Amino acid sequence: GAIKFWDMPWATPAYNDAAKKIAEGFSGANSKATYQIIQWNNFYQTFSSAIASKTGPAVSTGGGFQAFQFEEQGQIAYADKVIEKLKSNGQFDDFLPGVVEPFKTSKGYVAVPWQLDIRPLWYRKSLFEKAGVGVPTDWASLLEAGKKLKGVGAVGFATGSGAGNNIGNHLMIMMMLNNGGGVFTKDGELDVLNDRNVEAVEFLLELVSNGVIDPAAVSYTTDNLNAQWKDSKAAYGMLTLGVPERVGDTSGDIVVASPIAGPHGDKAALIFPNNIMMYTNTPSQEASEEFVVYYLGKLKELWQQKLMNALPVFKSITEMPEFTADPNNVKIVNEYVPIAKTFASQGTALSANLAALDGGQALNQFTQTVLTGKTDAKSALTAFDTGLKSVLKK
């Protein structure tokens, strides 16, 4: 009977309360939807195991590239009919340019975009003032300012890789991208030991050895990391859109910082093309489709209530008074969006291999190794390369 919708803890608990009410409001196709929260820790395995044992949902959000893995396994339901319905009802024309096309394959649309989770740098003005330093413009200035911030008891580059916390993972890849590197070649081949990647990892290790990265960062959960921001421990670091609201400190002291240049002049921001996906295990495919169209139509309410930690994929939402009046949001649009790249870099096309990269053990372990300075850059990257070859399909 009921359409099962699984959703992640995208922002604050209040995000899930609101998304629950939206979902449970669905009464289309003489059908209903149930809402269930899947935790971030081990999410890849949670979905993989549910789908394989036929106990998974009809519809879900989840990993940025998860839909490609399940499509390869033949467990996704293509979203072509949803796309048609959005064209008829008018919503399709409201999509931002380039947001739908990444999901088009030979066999259909694997999913529908719903938000863009971008990785801005943030700072706390009071702590930069206290340390007597300026906002970094590049890696060399990040390190200098970081040392001074450490000297006044602050964390110069806040991150975390504890259970449920993927921000550390994202930092590893963001810094590679920021130095003109990336996991892949232009043609989508693995290129982990590229020299720009080595430099990026050497820089992170230097932040770790100098105490600019907190020596316990490896252990920090999402709550731990948010608390560092809320309680004026974190001076600078990479997080998400809407950090003040996410951490419960809207004094105005926490502000978006400009992107910084790598040592060769490169600029990049990391972005995740998040999407809603439908599965073959549904009591009714028509109902899955109705639910998805209904849900996309109500998404504006989440940005209206300022409950999201991501960019919208709909033009009308990006023009909503609540969105543009926040200068942090405008700075992200203007300075991060134009330089944004995904995990596919230096390729562009998305694929199932991104699912294994994003959700798998190799990236997690690489991150924890770097954040503890357990080994040298080349060794860590070689272990990373090797782990990815074990799971990616060449």
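We number the residues from 1 along the sequence you see.
Mean C-alpha B-factor is higher over 196-204 than over the other stretch, the pair under comparison being 273-281 and 196-204. The stretch with the higher mean CA B factor, choosing between 66-74 and 22-30, is 22-30. Highest CA B-factor among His264, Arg119, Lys298, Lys233, as stated in the entry: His264. The PDB entry assigns the greatest CA B-factor among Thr55, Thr61, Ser351, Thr342 to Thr55. Sorting the modelled residues of the chain by their CA temperature factor places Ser126 in the middle third.
Among the modelled residues of its chain, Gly248 has a C-alpha B-factor that falls in the highest third according to the deposited record.
Ranked within its chain, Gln304 lands in the highest third, by CA B factor from the PDB record.
The entry lists a Cα temperature factor for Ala356 that places it in the highest third of the chain's modelled residues.
Looking at the C-alpha B-factors along this chain, the one for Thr105 belongs to the middle third.
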